[PDB]
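All Cβ positions, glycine included, derive from the backbone under ideal geometry; neighbour counts span all protein chains shown. Each reported figure results from applying straightforward, stated rules to the coordinates on display, with no laboratory input.
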Amino acid sequence: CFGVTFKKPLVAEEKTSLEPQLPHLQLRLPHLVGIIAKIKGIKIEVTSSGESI
Amino acid sequence: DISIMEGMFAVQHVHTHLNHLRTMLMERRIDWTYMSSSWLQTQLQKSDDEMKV
Ligand SMILES: *[C@@H]1O[C@H](CO)[C@@H](O[C@@H]2O[C@H](CO)[C@@H](O)[C@H](O)[C@H]2NC(C)=O)[C@H](O)[C@H]1NC(C)=O
């Protein structure tokens with residue numbers, strides 16, 4: 001209109017959510033509980049010698 | 001203990017960025033790391049260099 005140009009109003013997103021990126025250390029000692037559980041049950045068997053004889 | 005100390009690093013990483021955001025907000029600026037700013041480049045058509053200003 002005349003010399004000036006008119007532009008439409010811009011709609012705005014109401015909310016934003018922040019989810020930052022985190023470094024991944026990738027440690028291996030955690031989630032190894034099964035090995036500890038296996039260590040718990042060694043179960044060495046010893047039979048008395050001389051009771052039979 | 002290692003399981004705890006692995007998760008503590010993420011807490012520290014979040015703490016640094018949150019402190020930076022607080023400084024920017026107290027400073028009457030905008031932290032563009034926490035905001036998208038990609039939707040308004042399409043609503044109003046501007047170049048990549050013009051969006052930096
Ligand atoms: C939290 O644990 C999950 C599951 O172990 C991790 O997600 C894995 O990440 C690796 C590395 O990018 C991918 O190869 C796997 O496919 C992912 N698995 C799943 C189920 O998503 C995640 O990385 C861990 N978070 C941190 C910060 O270490």
Long-range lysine pairs (8 or more apart or interchain), the protein assembly as shown, Cα under 25 Å: 7
Cα centroid of chain B to Cα centroid of chain A, whole Å: 23
Using a Förster distance of 25 Å, the FRET efficiency for B:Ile30-A:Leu27 (Cβ separation, nearest 0.05): 0.10
Förster radius 35 Å - calculated FRET efficiency between A:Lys40 and B:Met5, Cβ distance, rounded to 0.05: 0.90
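With r defined as the distance between the Cβ atoms of A:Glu13 and B:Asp48 and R0 fixed at 25 Å, what FRET efficiency is calculated, to the nearest 0.05?
Numbers: r = 21 Å, r/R0 = 0.83.
Efficiency at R0 = 25 Å is approximately 0.75.
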